[PDB]
Amino acid sequence: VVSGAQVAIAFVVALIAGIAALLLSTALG
Amino acid sequence: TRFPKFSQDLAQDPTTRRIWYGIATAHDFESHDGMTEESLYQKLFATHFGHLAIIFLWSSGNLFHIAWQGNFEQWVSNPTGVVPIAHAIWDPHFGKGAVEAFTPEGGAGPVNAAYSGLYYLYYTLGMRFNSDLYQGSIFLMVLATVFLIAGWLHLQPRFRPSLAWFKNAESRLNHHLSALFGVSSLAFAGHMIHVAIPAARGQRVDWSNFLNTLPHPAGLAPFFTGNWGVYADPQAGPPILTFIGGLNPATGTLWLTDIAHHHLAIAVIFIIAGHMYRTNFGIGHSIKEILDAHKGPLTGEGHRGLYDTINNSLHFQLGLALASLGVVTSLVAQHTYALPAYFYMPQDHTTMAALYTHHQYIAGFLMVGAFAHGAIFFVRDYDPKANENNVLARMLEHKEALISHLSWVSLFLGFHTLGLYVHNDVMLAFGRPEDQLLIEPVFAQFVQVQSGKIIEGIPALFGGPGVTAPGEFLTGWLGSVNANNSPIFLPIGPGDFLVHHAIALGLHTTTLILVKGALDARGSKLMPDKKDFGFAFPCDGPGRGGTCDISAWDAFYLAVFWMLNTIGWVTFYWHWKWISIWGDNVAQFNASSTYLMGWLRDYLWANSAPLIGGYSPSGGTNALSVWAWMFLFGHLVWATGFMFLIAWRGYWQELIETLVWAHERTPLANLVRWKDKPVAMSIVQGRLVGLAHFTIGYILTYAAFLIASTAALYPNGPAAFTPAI
Amino acid sequence: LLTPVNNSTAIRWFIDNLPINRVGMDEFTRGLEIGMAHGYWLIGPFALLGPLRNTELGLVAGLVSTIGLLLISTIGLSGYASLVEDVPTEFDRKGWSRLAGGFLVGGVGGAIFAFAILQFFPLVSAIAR
Amino acid sequence: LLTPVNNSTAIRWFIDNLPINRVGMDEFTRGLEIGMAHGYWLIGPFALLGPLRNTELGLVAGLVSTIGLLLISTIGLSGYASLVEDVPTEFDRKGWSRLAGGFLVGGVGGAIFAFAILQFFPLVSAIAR
Amino acid sequence: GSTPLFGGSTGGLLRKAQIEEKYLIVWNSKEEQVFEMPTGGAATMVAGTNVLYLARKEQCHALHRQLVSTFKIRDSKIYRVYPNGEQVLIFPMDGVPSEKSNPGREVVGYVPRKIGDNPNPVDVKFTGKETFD
Amino acid sequence: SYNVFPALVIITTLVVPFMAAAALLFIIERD
Amino acid sequence: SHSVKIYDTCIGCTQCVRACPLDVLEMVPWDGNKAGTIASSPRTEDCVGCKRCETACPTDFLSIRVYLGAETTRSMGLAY
Ligand code: CLA
Ligand code: CLA
Ligand SMILES: CC1=C(/C=C/C(C)=C/C=C/C(C)=C/C=C/C=C(C)/C=C/C=C(C)/C=C/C2=C(C)CCCC2(C)C)C(C)(C)CCC1
Ligand SMILES: CC1=C(/C=C/C(C)=C/C=C/C(C)=C/C=C/C=C(C)/C=C/C=C(C)/C=C/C2=C(C)CCCC2(C)C)C(C)(C)CCC1
Ligand SMILES: CC1=C(/C=C/C(C)=C/C=C/C(C)=C/C=C/C=C(C)/C=C/C=C(C)/C=C/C2=C(C)CCCC2(C)C)C(C)(C)CCC1
Ligand SMILES: CC(C)=CCC/C(C)=C/CC/C(C)=C/CC/C(C)=C/CC1=C(C)C(=O)c2ccccc2C1=O
Ligand code: SF4
Ligand code: SF4
């Protein structure tokens with residue numbers, strides 16, 4: 001199963017992709 | 001008003017047109033203020049990293065939701081008795097009737113079934129546990145972060161590549177062929193042999209044991225000594241590379257060991273192919289040298305100048321890329337049903353219908369866009385001097401011959417194909433169905449017979465595939481083409497004849513609109529200086545007879561209707577032929593597809609019944625209520641498009657001026673003032689918004705109909721077959 | 001054009017003394033009175049016609065609904081207030097901004113007050129029983 | 001010293017458009033938005049980790065706790081506002097004072113709104129049952 | 001003159017330098033050379049007139065001590081800069097260095113007695129007058 | 001095995017679209 | 001503002017000047033045609049882009065050309 005720890009891990013990985021997307025989108029503008 | 005910052009022309013507009021046009025021109029990087037060629041390619045390279053990252057985040061979201069909310073492990077244990085789940089539903093608008101209609105039997109809460117086929121893809125690749133899906137989801141999110149970092153990094157002033165790097169055509173071709181195609185296909189053959197084939201054998205191979213698990217018991221000793229047949233031999237362990245051919249009769253899908261050998265064989269072809277062009281090692285071909293040599297006596301200068309034409313025009317490159325993608329996307333649709341690769345997918349009829357229809361509509365959009373950027377190329381990038389008398393300029397030189405003959409073929413097809421359907425409809429109405437014009441499709445049956453289909457009155461010309469493909473695949477191929485419940489070369493008759501010519505009508509007519517738009521993009525008799533006005537402009541006014549829809553953009557707009565109509569005819573035909581197969585009603589298809597009332601009654605009217613009964617005052621709601629609602633939603637959006645397409649701007653602008661009067665004269669409301677003056681949408685914007693509503697309403701209606709009719713009346717089937725000898 | 005709807009005297013006096021136009025008010029107190037008026041009546045359609053209207057928590061659901069409607073309306077008004085730049089005192093940027101703040105405080109307060117009346121109107125006759 | 005933390009563009013746009021810095025706002029509406037933000041989340045630690053967290057009046061106790069925290073914070077801010085004297089518009093004495101008033105109104109309101117959501121979140125799914 | 005070559009630091013001016021006073025030190029250099037900032041870190045003085053804004057007079061006088069002891073630069077001048085923009089020269093006051101005796105200065109702080117002849121604190125009780133008078 | 005976070009639905013589909021629309025309003029209407 | 005250009009094929013017939021509802025156009029003296037005059041567009045900041053001038057122009061392909069450019073309050077024809 002996807003335990004609650006693994007949901008939390010996935011949001012941390014998603015947060016890092018979010019700041020990476022934030023870096024790219026401001027460098028693009 | 002600083003938005004949009006890339007266009008001071010738009011930024012000084014005091015109306016609401018500033019907002020709409022800033023949105024619509026935001027990705028047209030060539031037309032922005034201060035754009036150079038070098039900064040354009042650097043911005044594109046990083047933008048492409050962002051688009052790549054979105055694709056991997058999308059795939060990680062699908063993996064996460066199937067792992068967290070789906071029933072993959074429950075489906076792996078019982079693939080026939082379990083409907084795959086896309087994601088859970090949490091909708092606070094749901095009443096009790098909707099919650100229980102979407103809650104599966106014994107289930108915990110409301111869920112959506114999945115029709116993307118992702119379960120069959122994940123299962124065939126060897127995934128068996130939710131932890132496989134979750135580690136895929138994490139890995140693709142990390143991979144998305146890497147591409148986002150790469151795009152950001154290659155915008156930094158030390159890592160921005162030069163314009164000569166982007167225009168190094170030979171090195172990009174060598175790397176994309178050998179590594180991006182070849183090594184990636186070789187790696188996939190590695191996944192199939194190390195992971196997916198043992199999972200089909202029931203042997204769990206993953207990261208924890210794949211270093212110490214031989215995919216073949218003789219491992220890598222037959223490979224280097226050239227004794228390669230050991231990998232195909234059943235007595236030297238389970239084979240990993242075969243050429244059985246055809247479909248596996250136990251599954252109705254492709255042999256996994258054939259899939260592995262396919263990707264290994266084409267990996268070698270692509271790696272070899274990527275050694276063709278001259279990079280920094282002295283050897284290889286110059287593309288400019290190859291093109292300049294190919295000049296014959298009838299075609300003028302031949303291909304001279306086309307290197308600098310293609311390499312300096314991004315719209316030419318994009319148009320070539322879109323056209324090739326569109327052909328390949330159609331080929332994916334045609335070969336996924338005819339030669340399915342995924343375990344338990346041919347048994348899921350809704351998924352096969354959804355996947356065929358998805359990829360043919362994608363292929364239709366890619367085809368239209370290829371011609372759109374071909375038209376943009378002619379207005380923006382085409383230099384007649386540097387392309388003097390080559391094959392490109394010679395197309396424009398006989399463009400009236402091209403358009404008039406394309407006009408002839410479409411009228412020739414359209415008069416007789418419609419005429420034959422109408423003849424048969426009148427025959428059926430008057431009680432004379434034996435007086436129909438039923439033309440046997442013998443040229444296509446000829447094609448099937450050359451591949452070894454046994455059809456009685458049609459000859460194998462060269463002697464059959466025993467003569468023409470005498471390979472190791474021939475027994476498994478012939479056993480799959482002549483078997484019942486086998487999708488390879490379906491039986492065709494006169495109904496198949498008429499709709500194929502209707503399809504050919506739609507292909508030629510859509511091409512005619514697109515080619516005329518691309519070839520009259522630079523000018524016509526009505527507007528000889530059209531290139532000075534660009535790709536997209538409303539008209540040239542009411543003079544010279546009137547000039548509405550004269551731009552090359554407007555030919556794109558007209559051809560989207562014809563593309564939607566053509567793909568509609570294609571996907572209607574696929575769906576009705578297959579639900580007649582799945583529903584044991586092929587004789588009804590063969591009888592009623594030869595006249596247009598049969599299409600209306602036996603296809604549209606009959607299969608709408610579970611859909612429009614998706615919710616009702618008598619029987620409440622069921623699982624089809626969302627498709628029933630979307631079906632009506634699509635009719636509404638499509639019809640709203642008609643308002644923009646029919647009622648043009650000057651009506652609305654005079655209407656808005658009265659509303660502007662009303663606001664300024666109304667107490668307590670005239671204290672509130674707009675910052676941007678309300679104006680009616682522009683002439684081009686009205687066409688685009690009307691096309692968008694038309695297209696979205698077209699797609700949502702058919703998707704609601706295609707899914708709900710298949711999932712209710714024809715959801716599942718065997719797909720096993722008995723091979724033919 | 002000069003019409004009887006545009007020109008009635010006690011219609012002009014009424015509009016001139018609505019809190020958006022009334023002389024001597026601060027824009028906060030303008031917004032406060034406007035919000036209190038609107039939030040009061042707005043709970044009525046939410047409480048009586050909302051999806052939980054036939055359950056015992058229908059008034060509470062209508063109250064939180066009204067607060068949601070006023071909060072989204074305030075987002076438009078506060079955003080409008082930040083962007084106007086146009087005119088002096090009441091149509092000042094700070095002027096509209098204080099009105100937006102007063103509107104939300106009064107709006108939520110008007111809904112809560114109307115909630116309390118609808119929830120506890122049996123108390124006005126409780127002396128007799 | 002000029003650092004990437006000190007110099008990011010959409011980090012600069014975000015800070016510049018927080019209500020303490022956003023152009024065109026009145027200091028009351030600044031304080032109102034700030035209070036509503038803080039009072040909303042502040043009830044969470046009080047309601048879930050407070051001493052009455054396992055009883056049925058845990059949310060009410062966390063609500064009155066948050067109001068107590070905001071009232072004491074306002075005493076510091078309103079006292080700060082009376083004593084500053086320093087700079088024009090937002091750092092005016094009246095400017096900080098209006099922010100202190102807006103902060104308390106928004107803070108208590110944000111806690112009450114967060115209370116109502118935590119107390120009545122079963123209602124968002126009540127249609128299905 | 002121009003600022004010395006320095007990439008900036010966190011040890012420099014604060015809001016006091018905007019609202020109360022800051023200090024300006026001016027010196028001439030014949031050779032471009034590296035010196036230690038009193039704020040912390042290394043900077044390079046230009047071959048010309050150097051101007052540097054510092055937070056305290058002691059930081060300015062510390063740099064002047066470094067410019068004398070290490071680089072033999074003598075002619076440093078220190079100004080007190082007020083937030084309206086007024087500069088007041090504070091070092092050196094009369095052009096002659098403080099260590100060399102100069103006819104023209106007034107004696108300030110002189111007490112015409114040895115230190116053990118100061119009066120008792122009971123003598124100056126209930127007055128703001130101190131025993132060092 | 002019905003795994004949803006309803007507060008994540010409310011935040012991502014109601015709250016941050018209204019706040020993105022407010023943010024986009026500031027972007028397109030400023031100056 | 002739209003750009004209104006006049007090309008050397010102008011025969012000086014003044015029909016575009018009479019057609020224009022905004023007085024964008026006028027005739028200046030010229031030597032390139034028998035009429036001795038040519039249309040000119042000094043006041044294109046008032047041009048709305050209606051192309052009535054192009055409709056009135058008799059020369060194969062026209063001697064006056066309107067290129068729709070940046071939109072203003074004047075060129076959008078707004079009374080508000
Ligand atoms: C039995 C009923 C029937 C009916 C009602 C029609 C009706 C039509 N035919 Mg069809 N057709 C039929 C049977 C029928 N056809 C058969 C049995 C054949 C096989 C020979 C054709 C092959 C055919 C062709 C090749 C064409 C038509 C065309 C047409 C349309 C205009 C014909 C015309 O006379 O215009 C009045 C005549 C003219 C305007 C000029 C004369 C045109 C003739 C056909 C050209 C002769 C040149 C050359 C010898 C033959 C064509 C060259 C090459 C393609 C072989 C009209 C809708 C035309 C069309 O579809 O246009 C798009 C057309 O080009 N038909
Ligand atoms: C069902 C609706 C419909 C039909 C039949 C047509 C038909 C046609 N379109 Mg059109 N089109 C449509 C919708 C339709 N379109 C829509 C919604 C759009 C988006 C605006 C377009 C945009 C479009 C473009 C951009 C182009 C076409 C073209 C064509 C012609 C294609 C060639 C052909 O098939 O010849 C056969 C002719 C037909 C099938 C038409 C019907 C002929 C009738 C049945 C004969 C009537 C006989 C009858 C006895 C006479 C009436 C008498 C009565 C008053 C008593 C054909 C005339 C193309 C073209 O002109 O090619 C040369 C072209 O470039 N269409
Ligand atoms: C306008 C324009 C453009 C565009 C174009 C397009 C869009 C195109 C398309 C086109 C296309 C879309 C094409 C396609 C084609 C295809 C082909 C050509 C194919 C063929 C194939 C074949 C022939 C095969 C054969 C076979 C068979 C059938 C079977 C058996 C086997 C074999 C393999 C032998 C551009 C951009 C350039 C630019 C300029 C302008
Ligand atoms: C009949 C008539 C009329 C009328 C009409 C109308 C339309 C009315 C309405 C009315 C209304 C509509 C009313 C309302 C009222 C309200 C109120 C009474 C409110 C109150 C509120 C409160 C008290 C609140 C409080 C608070 C809180 C709770 C919290 C926060 C703060 C505050 C303070 C805000 C007229 C005069 C014109 C004329 C004659 C006839
Ligand atoms: C993830 C993320 C983020 C976020 C973070 C955070 C930290 C947030 C928070 C949030 C929050 C923290 C929120 C809150 C909200 C609040 C509210 C929603 C409130 C409301 C309130 C109310 C409605 C009130 C009312 C009232 C009353 C009741 C009484 C008195 C008066 C008044 C009116 C005040 C960002 C964007 C950065 C970025 C991206 C990512
Ligand atoms: C993007 C943004 C900042 C939104 C903020 C939030 C806001 C205010 C949303 C509101 C959006 C809408 C719905 C704006 C009304 C659109 C309009 C002027 C339609 C009238 C019109 C019709 C019906 C036609 O058929 C037609 C055909 C050909 C040319 C022009 C027209 C035309 O003009
Ligand atoms: S486009 Fe219209 S307004 Fe402009 S010059 Fe021509 S006639 Fe005059
Ligand atoms: S531009 Fe045309 S209409 Fe105007 S004066 Fe010249 S010829 Fe006549």
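Keep in mind that the numbers below use all heavy atoms, side chains included, and drop hydrogens, waters and symmetry copies. So you know, we letter chains A, B, ... as the sequences are listed, proteins then strands, and number each from 1. Just so you know, ligand 1 is whichever comes first in the structure, and atom 1 is the first atom listed for that ligand.
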Any protein heavy atom sitting closer than 4.0 Å to atom 57 (C) of ligand 1?
yes

Heavy atom of the protein closest to atom 17 (C) of ligand 5 (residue, atom name, distance):
D:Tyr40 CD1, 3.9 Å

Rounded to the nearest 0.5 Å, how far apart are OG1 of D:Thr29 and CE of D:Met36?
10.5 Å

So, C:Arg30 side chain and C:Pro19 main chain: donor-acceptor pair closer than 3.5 Å or not?
yes

Is_contact(atom 37 (C) of ligand 5), protein non-hydrogen, under 4.0 Å:
yes

Any luck finding a side-chain donor-acceptor pair between D:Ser8 and D:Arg12 under 3.5 Å?
no

Working to the nearest 0.5 Å, report the span between CD of B:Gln436 and CG of B:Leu498.
9.0 Å

Ring centroid separation B:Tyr421 to B:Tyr595 under 6.0 Å
no

As a test of the contact definition, would atom 63 (C) of ligand 1 count as having a protein heavy-atom neighbour under 4.0 Å?
yes

A:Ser25 side chain vs A:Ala21 backbone, donor-acceptor pair below 3.5 Å
yes

the protein heavy atom lying closest to atom 65 (N) of ligand 1 turns out to be B:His416 NE2, 3.1 Å

Counting only non-hydrogen atoms of the protein, does one fall under 4.0 Å from atom 14 (C) of ligand 5?
yes

Okay, side chain of B:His405, backbone of B:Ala401: is any donor-acceptor separation there less than 3.5 Å?
yes

Quick one: look up the protein heavy atom nearest atom 6 (Fe) of ligand 7 and list residue, atom name and how far away it is.
G:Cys53 SG, 2.3 Å

May I ask you to identify the nearest protein heavy atom to atom 19 (C) of ligand 5, giving residue, atom name and distance to one decimal place in Å?
D:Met36 O, 3.7 Å

Show me which atoms of ligand 5 lie under 4.0 Å from any heavy atom of D:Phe14.
37 (C)

Spell out, as yes or no, whether a donor-acceptor pair under 3.5 Å connects the side chain of D:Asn21 to the backbone of D:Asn17.
no

Under 4.0 Å from atom 38 (C) of ligand 1, do we find at least one protein heavy atom?
no

Could you tell me whether atom 22 (C) of ligand 5 has at least one protein heavy atom nearer than 4.0 Å?
yes

Could you walk me through whether D:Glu27 and C:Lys94 pass salt bridge (charged side-chain N to carboxylate O under 4.0 Å, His left out), step by step?
CA-CA 8 Å; D:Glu27 299 90 350; C:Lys94 294 209 194 196; 2.6 Å; yes

Is it true that a side-chain atom of G:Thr37 and a backbone atom of G:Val28 form a donor plus acceptor pair closer than 3.5 Å?
yes

Return the residue, atom name and 0.1 Å-rounded distance of the protein heavy atom closest to atom 25 (C) of ligand 1.
B:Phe412 CE1, 3.7 Å

Quick check: does G:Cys47 put an N/O/S atom under 2.8 Å from atom 4 (Fe) of ligand 7?
yes

Subset of ligand 1 atoms that lie under 4.0 Å from at least one heavy atom of B:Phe415
57 (C)

Atoms of ligand 1 under 4.0 Å from any heavy atom of B:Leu411, numbered from 1 in the order shown, are 62 (C)

Taking G:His2 for its side chain and G:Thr44 for its backbone only, find out whether a donor-acceptor pair lies under 3.5 Å.
no

Between B:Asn424 (side chain only) and B:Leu437 (backbone N and O only), is there a donor and an acceptor less than 3.5 Å apart?
yes

Within this structure, what is the CD-OG distance for the pair B:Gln12 and G:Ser1, rounded to the nearest 0.5 Å?
9.5 Å

Looking only at protein heavy atoms, identify the closest one to atom 3 (S) of ligand 7 and say how far it is in Å.
G:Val48 N, 3.5 Å

Under 4.0 Å from atom 3 (C) of ligand 5, is there any protein heavy atom?
no

Could you tell me whether atom 34 (O) of ligand 1 has at least one protein heavy atom nearer than 4.0 Å?
no

At what distance is the nearest protein heavy atom to atom 24 (C) of ligand 5, and which residue and atom is it?
D:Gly109 O, 3.3 Å

Within G:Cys50, is some N, O or S atom less than 2.8 Å away from atom 6 (Fe) of ligand 7?
no

Tell me which protein heavy atom sits closest to atom 20 (C) of ligand 5, plus the residue, atom name and distance to 0.1 Å.
D:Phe113 CD2, 3.5 Å

Proximity of G:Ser41 to ligand 7 by residue part, where a heavy atom lies under 4.0 Å:
neither

Heavy atoms of the protein only: does one fall short of 4.0 Å from atom 34 (C) of ligand 5?
yes

Please confirm whether the backbone N or O of G:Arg18 pairs with a side-chain atom of G:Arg52, one donor and one acceptor, at under 3.5 Å?
no

Enumerate the atoms of ligand 1 whose separation from the nearest heavy atom of B:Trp408 is less than 4.0 angstrom.
54 (C), 61 (O), 62 (C), 63 (C), 64 (O)

Give the minimum heavy-atom separation between C:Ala61 and D:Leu123, together with the two atoms involved.
CB-CD1, 3.8 Å

Return yes if a side-chain donor-acceptor contact under 3.5 Å exists between G:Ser63 and G:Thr59, otherwise no.
yes

Identify, for atom 1 (S) of ligand 7, the protein heavy atom at the shortest distance, and state residue, atom and that distance.
G:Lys51 N, 3.1 Å

For G:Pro21, the ligand 7 atoms whose distance to one of its heavy atoms is below 4.0 Å
7 (S)

Best match, D:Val105, D:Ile112, C:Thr74: closest heavy atom to atom 31 (C) of ligand 5
D:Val105

Contacting atoms of ligand 5, where contact means under 4.0 angstrom from a heavy atom of D:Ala37
12 (C)

Checking the side chain of B:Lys516 only, and the main-chain atoms of B:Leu406 only, is there a donor and an acceptor separated by less than 3.5 Å?
no

Report the distance from atom OG1 of D:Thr66 to atom CD1 of D:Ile112, rounding to the nearest 0.5 Å.
10.0 Å

For ligand 5, which atoms, with element, lie under 4.0 Å from some heavy atom of D:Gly106?
34 (C)

Residue pair G:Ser75 / G:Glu71, side-chain donor-acceptor N/O under 3.5 Å:
yes

With heavy atoms only and a cut-off of under 4.0 Å, state how C:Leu104 meets ligand 5: side chain, backbone, both or neither.
both

Protein heavy atoms: any of them under 4.0 Å from atom 27 (C) of ligand 5?
yes

I'd like to know whether ligand 7 has G:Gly49 as a neighbour, heavy-atom separation below 4.0 Å.
yes

Under 4.0 Å from atom 23 (C) of ligand 1, do we find at least one protein heavy atom?
yes

If you scan protein heavy atoms around atom 8 (Fe) of ligand 7, the nearest is G:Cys20 SG, 2.3 Å

